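A.B. asks: Enclosed are the sequence and the experimentally obtained structure.
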Amino acid sequence: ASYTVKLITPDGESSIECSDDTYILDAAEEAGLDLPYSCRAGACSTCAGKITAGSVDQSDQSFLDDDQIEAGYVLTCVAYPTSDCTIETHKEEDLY
């Protein structure tokens, strides 16, 4: 886990690059620092984030980023290791 790549949410600048399975809650800050404590696997929608995927992710294994492969989209809790992460939680789709 290195946590450094481009990440930003209501908590503006955020650095994440787990390079070791999208960290659970950490990459979650990417998901939208919503701390998805509902399902953790794939049943709720607390893992938002405009594509928090990152990299290495597309086998329904790891639990964070990767709606299916480089697209956190909605099923972020379905990722693999993750050479790096990236979430457009930044902007808030409203201003910042």
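C.D. replies: The structure has been received and is ready for your questions. Numbers count the residues shown, from 1 in each chain.
A.B. asks: helices or strands next to the helix or strand residue 29 falls within in the packing?
C.D. replies: In the assignment (DSSP states H and E), residue 29 maps to helix 24-31. Using 3 or more Cβ pairs under 8 Å, 6 or more residues apart in numbering; DSSP states H and E, the elements in contact with helix 24-31 are strand 87-88. Bear in mind the C-beta positions are built from the backbone N, C-alpha and C, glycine included.
A.B. asks: Roughly how far does residue 18 sit from residue 78?
C.D. replies: 15 Å (Cβ to Cβ, to the nearest Å).
A.B. asks: Just the CA trace of the helix holding residue 29, in CSV.
C.D. replies: The C-alpha trace of helix 24-31 is given here as CSV (Å, rounded to 0.1, in the frame of the first residue of the first chain):
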residue,chain,number,x,y,z
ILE,A,24,-10.5,-0.9,1.7
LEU,A,25,-11.6,2.4,3.4
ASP,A,26,-8.6,4.4,2.0
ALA,A,27,-9.4,3.9,-1.6
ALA,A,28,-12.9,4.4,-0.2
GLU,A,29,-12.1,8.1,0.5
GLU,A,30,-11.9,7.9,-3.3
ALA,A,31,-15.2,6.2,-3.4
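A.B. asks: Brilliant, that's me finished.
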